[PDB]
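Chains as they are written, first to last, in this note's numbering: chain A, 633 to 873; chain B, 633 to 873. Every residue, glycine too, gets a C-beta built ideally from N, C-alpha and C. Each remark here refers to the structure printed beneath this line.
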Ligand SMILES: Nc1ncnc2c1ncn2[C@@H]1O[C@H](COP(=O)(O)OP(=O)(O)O)[C@@H](O)[C@H]1O
Ligand SMILES: Nc1ncnc2c1ncn2[C@@H]1O[C@H](COP(=O)(O)OP(=O)(O)O)[C@@H](O)[C@H]1O
């Protein structure tokens with residue numbers, strides 16, 4: 633069983649810094665996951681990381697690309713210092729949605745990833761923000777992680793988010809919103825920023841169409857994600873299957 | 633006036649370590665060039681950098697991709713530590729030859745690069761070894777650096793190398809080999825590893841055909857390159873124009 637874990641920007645960053653508390657917790661979780669599964673990490677937050685090195689505004693798209701260029705290698709260095717605690721290494725992979733249309737590009741990427749996994753190295757994927765901007769504009773890697781799950785032959789995508797699950801209505805607006813534990817179909821009526829719930833549901837529709845699964849849970853408190861993946865009991869979050 | 637400096641793996645590597653000395657020398661040189669020019673760096677040695685962290689056999693191709701994934705971000709952090717001496721930052725760009733065929737990918741890349749240069753950030757380009765292997769197999773970024781030069785609107789590509797220039801015959805094999813100081817045409821008759829002189833000549837042919845220039849010079853002794861670029865005077869190397 634191979635899983636893809638996707639962590640959004642908010643999960644690993646505050647507005648002016650990286651969240652070392654949350655990164656530490658995530659990395660300890662990934663180290664444990666790696667004993668039980670083959671694990672691929674899809675990370676965001678290169679822009680946050682770059683912003684710690686260069687204080688320019690994030691609204692302009694081209695500014696975001698520059699910040700990502702500066703931030704990406706530093707973000708990887710942070711993951712590597714934290715992984716060192718568990719005697720693990722992380723390898724950087726940059727991909728775009730268009731790479732996934734290419735048999736050749738996908739095959740080369742899968743070769744590297746498969747071998748990393750074989751050596752117990754953690755593959756860490758992010759968008760190539762030099763050549764593509766889709767995930768910077770809208771989605772924050774939700775789609776990229778879904779494509780990775782299918783094309784690298786993983787069984788499950790786990791999205792760790794500031795959203796703890798999918799509800800019958802917006803849970804931040806409506807205190808009576810009820811959590812949907814299981815979704816087997818994504819309604820078209822359900823479908824610029826991080827992407828919100830819509831990019832999460834679009835990723836799920838892609839995965840459902842390729843007979844794969846998605847689990848949506850909190851990256852702020854890892855209890856639900858931990859119990860699902862390590863205790864095989866669902867006590868929160870939404871499973872799409 | 634904009635230039636690409638390409639540094640090969642030999643020039644910044646030793647047998648089982650990075651050449652920190654020659655990197656330091658390179659960065660000091662780049663810091664002075666930035667006073668006079670818009671500068672783009674194309675670097676190799678992600679594989680050497682990775683072998684420093686992971687002891688697997690460098691001769692296998694998929695191993696090289698893995699070593700590059702680990703090494704690339706570490707290599708960038710070493711550039712950054714050296715650039716901090718001049719209060720400079722580097723930003724990572726990963727490209728492939730195939731990216732250069734797409735107008736959209738190249739455009740997104742140039743947008744980021746142009747802005748980095750405006751802001752004073754050094755763009756540091758390498759091949760994306762997840763999705764392409766061409767330069768790993770044969771050429772060591774000669775061709776990628778030629779494409780970068782043309783498509784990001786630089787006037788001159790400087791290749792820094794083992795060899796101090798292009799010669800009328802192989803200077804390793806012949807004591808009377810004469811160095812050709814200026815070259816106006818690439819004879820088709822002149823046309824796996826780092827590539828030898830031929831990938832350098834293919835690069836020059838590409839650039840002459842696009843009304844651009846190339847300077848082949850030593851990366852071990854920077855005097856010829858420094859004098860050529862900072863003192864507009866050729867005392868060595870080969871100029872292609
Ligand atoms: N039906 C719904 N179920 C869950 N969350 C929803 C729903 N409708 C709206 N939201 C809201 O979407 C918001 C944006 O999510 P977002 O911040 O993009 O997640 P991430 O940062 O992990 O991408 C959340 O604050 C959430 O409250
Ligand atoms: N006509 C020539 N001019 C210069 N070098 C040549 C020529 N023919 C063969 N060579 C060989 O090719 C080498 C340059 O290629 P390479 O070792 O790949 O350089 P780099 O260190 O830049 O990767 C030279 O050191 C030389 O031994």
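Exercise. Name, going along the chain, the residues of the segment 758-769 of chain A whose beta-carbon falls closer than 9 Å to a beta-carbon of chain B.
Key: 760, 761, 762, 763, 764, 765
Quiz item: What residue range is occupied by the uninterrupted beta strand (DSSP E) comprising residue 756/B?
Solution: 754-759
Exercise. Would you give the residue range spanned by the beta strand (DSSP E) that residue 634/B belongs to?
Key: 634-639
Self-check item: Residues that DSSP places opposite residue 814/A in a beta bridge
Solution: 871/A
Exercise. Quick one: measure Cβ to Cβ for residue 664/A and residue 862/A, integer angstroms, because I've assumed they're closer than 8 Å.
Key: 7 Å
Quiz item: Between residue 681/B and residue 641/B, is the Cβ-Cβ spacing less than 7 Å?
Solution: no
Exercise. Kindly indicate if chain B contains any beta-carbon less than 7 Å away from that of residue 748/A.
Key: yes
Exercise. Pull up the DSSP beta-bridge partners for residue 675/B, would you.
Key: 639/B
Self-check item: residue 795/B Cβ short of 6 Å to ligand 2 heavy atom set
Solution: yes
Quiz item: Is residue 799/A helix, strand or coil by DSSP?
Solution: strand
Quiz prompt | Where residue 723/B meets chain A, residues with beta-carbon distance less than 7 Å | solution = 698, 701, 702
Exercise. Assuming residue 800/A contacts residue 810/A (C-beta within less than 8 Å), just tell me the rounded distance between them.
Key: 5 Å
Quiz item: If you drop the 5 nearest sequence neighbours on each side, which residues of the same chain put their C-beta closer than 7 Å to that of residue 715/B?
Solution: 659, 721, 722, 754
Quiz item: Which chain A residues sit within Cβ distance under 8 Å of residue 829/B?
Solution: Here the premise fails: no neighbours, minimum Cβ distance about 28 Å.
Self-check item: Chain-ordered chain A contacts of residue 815/B [CB-CB under 8 Å]
Solution: Going along chain A, no residue has its Cβ under 8 Å from residue 815/B, so there is no contact; the nearest lies around 32 Å.
Quiz item: For residue 645/A, which three-state DSSP category applies?
Solution: strand
Quiz item: Taking Cβ-Cβ distances shorter than 9 Å, what residues in chain A pair up with residue 709/B?
Solution: 705, 706, 708, 709
Practice problem: Specify the secondary structure class of residue 805/B as computed by DSSP and reduced to three states. | Solution: coil
Exercise. Run down chain B in chain order and give the residues with a C-beta less than 9 Å from the C-beta of residue 753/A.
Key: 686, 698, 701, 702
Quiz item: What number of angstroms, rounded off, separates the C-alpha of residue 751/A from the C-alpha of residue 737/A?
Solution: 22 Å
Exercise. Note down, in chain order, each residue of its chain lying with its Cβ closer than 7 Å to the Cβ of residue 848/B, except the 5 sequence neighbours on either side.
Key: 791, 793, 797, 798, 832, 869, 870
Quiz item: residue 726/A touches chain B at which residues, Cβ-Cβ below 7 Å?
Solution: 726, 760, 762
Practice problem: Taking all protein chains shown into account, decide if residue 654/B is buried (16 or more other Cβ within 10 angstroms of its Cβ) or exposed. | Solution: buried
Quiz item: Could you check where the alpha helix (DSSP H) with residue 716/B kicks off and where it finishes?
Solution: Looking at the DSSP string, residue 716/B is not in any alpha helix (DSSP H), and its letter there is neither H nor E.
Exercise. For residue 743/B, go through chain A and note every residue whose CB falls closer than 8 Å to its CB, in chain order.
Key: 694, 697
Quiz item: Is the segment 724-739 of chain B touching the segment 854-861 of chain A in the sense that three or more CB pairs, one from each, lie closer than 8 Å?
Solution: no
Practice problem: Grab me the residues of residue 689/B's own chain with a C-beta within less than 6 Å of its C-beta, minus the 5 sequence neighbours each way, in chain order. | Solution: 695
Quiz item: Any beta-carbon of chain A closer than 7 Å to the one on residue 737/B?
Solution: yes
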